[PDB]
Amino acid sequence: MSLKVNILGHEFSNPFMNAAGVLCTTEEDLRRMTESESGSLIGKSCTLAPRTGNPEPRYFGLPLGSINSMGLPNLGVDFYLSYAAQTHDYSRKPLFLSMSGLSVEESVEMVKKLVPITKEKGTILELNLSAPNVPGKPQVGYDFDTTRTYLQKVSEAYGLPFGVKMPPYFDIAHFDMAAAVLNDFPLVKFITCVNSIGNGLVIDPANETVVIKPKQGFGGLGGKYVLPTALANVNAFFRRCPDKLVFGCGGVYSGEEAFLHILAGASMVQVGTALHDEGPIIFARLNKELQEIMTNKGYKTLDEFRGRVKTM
């Protein structure tokens, strides 16, 4: 069976890539993702200038996933642009860059720099509208006026196909409102559902203390916590945004979860917490497991079942 995905003129060997933020901050990280069996990779959500991020501890692995408040530690846009222009081996796989300016002005400055490199190399933009661990910066995706402004200014500045990393929604009316904004921007060719379930709290019963230092212990949840939310968001936008692709992100630990994401509507499938836990070898495993399911069900390609989840 074929795991191939054909989107934006590119051939991807399989639907798997890292979730933005995991194994993608440094040159070494990005090398390891390139050498892995993943179909693609994405750079850390970057800002105009470098950031060291939040104080420690800011990450904690959980039995059911992860909580983090990293605070967008990144080497700055120039580093990732340079990686995309000079270092990355495009013969191995295509590259995405995530950009997370803390203002529309910052985002505009950054994407303008990407234009020449997208034209030359084919580097793909994911605009992050859901960074939940920066003190004093609300998630853009939870204000539809602000979301409209970002999409307007970035569409105009970048002028090329791009995608958006969205926060999870939990209300039908929000799925509708979000889709209505997204559908006004034709250059938005993909939607990544979802970012962390924002601002959860984990407390250690032994010492009666929170497990992360920033924001009084409040951090984004990933892993097993997020699968049903992720599947819901993937399916909601798959149906509401037929002119666009949907990328799935959340709760993928196995080919089974990957299969469910694709059944829900996903084109690419991103792996965060599970990759942080296991390392890039996970991609070899995911390919094997997804192949096995497709073999068992007699699916020859992903296109035979993408978005074909059955309702009652």
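The first residue of the sequence shown is number 1, and the count goes up from there.
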(message) Which is higher on mean Cα B factor in this entry, 232-240 or 179-187?
(response) 179-187
(message) Mean CA temperature factor from the deposited coordinates, higher in 86-94 or in 223-231?
(response) 86-94
(request) Specify which of 200, 163, 73, 136 carries the largest Cα B factor in the deposited PDB entry. (result) 136
(message) Where does the C-alpha B-factor of residue 77 rank in its chain, lowest, middle or highest third?
(response) middle
(request) Place residue 192 in the lowest, middle or highest third of its chain's C-alpha B-factors, as listed in the PDB entry. (result) lowest
(message) Split into thirds by Cα B-factor across the chain's modelled residues, where does residue 16 land: lowest, middle or highest?
(response) lowest
(message) What third of the chain does residue 294 rank in for C-alpha temperature factor, lowest, middle or highest?
(response) highest
(message) By the recorded C-alpha temperature factor, relative to the other modelled residues in its chain, which third is residue 158 in?
(response) middle
